[PDB]
Amino acid sequence: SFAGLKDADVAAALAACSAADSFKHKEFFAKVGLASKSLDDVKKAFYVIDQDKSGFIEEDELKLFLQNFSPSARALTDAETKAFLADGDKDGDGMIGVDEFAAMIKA
Ligand SMILES: [Mn+2]
Ligand SMILES: [Mn+2]
Ligand SMILES: [Mn+2]
């Protein structure tokens, strides 16, 4: 709700990635609805995911990604995490800042 996402798209998207090692971020952002929202909402989701308010999505926070969507969601695998961080962290600091995050969703 935090990023104006609908219950039904979140339900459907978790359905597909229910299973270990099956998460694909790009497919998820599309299905959950995030790829078609405004930049502003893309930013509020960003700041939701950054649980510690550091201004960056640290790797440990990227691992509990799904949990922001649903409390009973699984943590991502290290393989899933690495893959996500590979795509998102273009400045090579090992963290995802707001601008990288936003940019990665623009696909
Ligand atoms: Mn953080
Ligand atoms: Mn932390
Ligand atoms: Mn970075």
# chains A, B, ... in the order shown; residues from 1 in each chain; ligands from 1
>>> residues_near_ligand(ligand="ligand 3", cutoff="8 Å", atoms="only C-alpha atoms and all ligand atoms", output="JSON, numbers by chain")
{"A": [56, 88, 89, 90, 91, 92, 93, 94, 95, 96, 97, 100]}
>>> closest_atom_pairs(of="chain A", to="ligand 1", cutoff="6 Å", atoms="only C-alpha atoms and all ligand atoms", output="tab-separated table")
residue	atom	partner	partner_atom_place_in_ligand_line	distance
A:50	CA	ligand 1	1 (Mn)	3.9
A:51	CA	ligand 1	1 (Mn)	5.5
A:52	CA	ligand 1	1 (Mn)	4.5
A:53	CA	ligand 1	1 (Mn)	5.2
A:54	CA	ligand 1	1 (Mn)	4.3
A:55	CA	ligand 1	1 (Mn)	5.6
A:56	CA	ligand 1	1 (Mn)	4.5
A:57	CA	ligand 1	1 (Mn)	4.4
A:58	CA	ligand 1	1 (Mn)	5.1
>>> select_by_dssp(residues="chain A", states="strand (DSSP E or B)", output="list in words")
residues 56, 57, 96 and 97 of chain A
>>> write_last_selection(atoms="N, CA and C atoms", output="compact mmCIF listing (two decimals), in the first residue's frame")
# COMPACT_ATOMS: atom_id res chain seq x y z
N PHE A 56 20.27 4.09 1.89
CA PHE A 56 20.70 3.02 0.99
C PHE A 56 20.00 1.71 1.44
N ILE A 57 19.76 0.91 0.41
CA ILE A 57 19.27 -0.44 0.54
C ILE A 57 20.59 -1.28 0.57
N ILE A 96 22.34 -0.02 -2.76
CA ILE A 96 21.51 0.59 -3.80
C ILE A 96 20.97 1.92 -3.20
N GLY A 97 21.28 3.01 -3.89
CA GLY A 97 20.83 4.34 -3.49
C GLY A 97 19.51 4.55 -4.35
>>> closest_residue(among="A:80, A:60, A:87, A:99", to="ligand 2", atoms="only C-alpha atoms and all ligand atoms")
A:60
>>> residues_around(residues="residue A:107", least_positions_apart="2", cutoff="10 Å", atoms="only C-alpha atoms", output="count of residues only")
9
>>> closest_residue(among="A:34, A:16, A:75, A:45", to="residue A:61", atoms="only C-alpha atoms")
A:75
>>> atom_distance(atom1="atom CA of residue A:19", atom2="atom CA of residue A:66")
12.1 Å
>>> select_by_dssp(residues="chain A", states="helix (DSSP H, G or I)", output="PyMOL selection string")
chain A and resi 7-17+25-31+34-36+39-49+59-63+65-68+78-88+98-105
>>> closest_residue(among="A:79, A:62, A:67, A:23", to="residue A:46", atoms="only C-alpha atoms")
A:62
>>> closest_residue(among="A:43, A:37, A:63, A:106", to="ligand 2", atoms="only C-alpha atoms and all ligand atoms")
A:63
>>> closest_residue(among="A:33, A:59, A:98, A:72", to="residue A:5", atoms="only C-alpha atoms")
A:33
>>> residues_around(residues="residue A:14", least_positions_apart="3", cutoff="9 Å", atoms="only C-alpha atoms", output="VMD selection string")
chain A and resid 9 to 11 17 to 18 23 28 32 66 69 to 70 73
>>> write_last_selection(atoms="C-alpha atoms", output="PDB file, in the first residue's frame")
ATOM      1  CA  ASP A   9      -0.923  -7.758  -7.830  1.00  0.00           C
ATOM      2  CA  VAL A  10       1.220  -8.407  -4.649  1.00  0.00           C
ATOM      3  CA  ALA A  11      -0.625 -11.784  -4.162  1.00  0.00           C
ATOM      4  CA  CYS A  17       8.435 -16.360  -6.753  1.00  0.00           C
ATOM      5  CA  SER A  18       7.025 -18.435  -3.839  1.00  0.00           C
ATOM      6  CA  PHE A  23      12.699 -14.664  -7.990  1.00  0.00           C
ATOM      7  CA  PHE A  28       8.385  -9.020 -10.073  1.00  0.00           C
ATOM      8  CA  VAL A  32       3.551  -6.252  -8.611  1.00  0.00           C
ATOM      9  CA  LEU A  66       9.716  -9.661  -0.223  1.00  0.00           C
ATOM     10  CA  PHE A  69       5.380  -6.867   0.655  1.00  0.00           C
ATOM     11  CA  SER A  70       4.296  -9.611   2.933  1.00  0.00           C
ATOM     12  CA  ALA A  73       7.332 -13.887   2.473  1.00  0.00           C
TER      13      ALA A  73
END
>>> atom_distance(atom1="atom CA of residue A:41", atom2="atom CA of residue A:71")
20.4 Å
>>> atom_distance(atom1="atom CA of residue A:76", atom2="atom CA of residue A:25")
10.8 Å
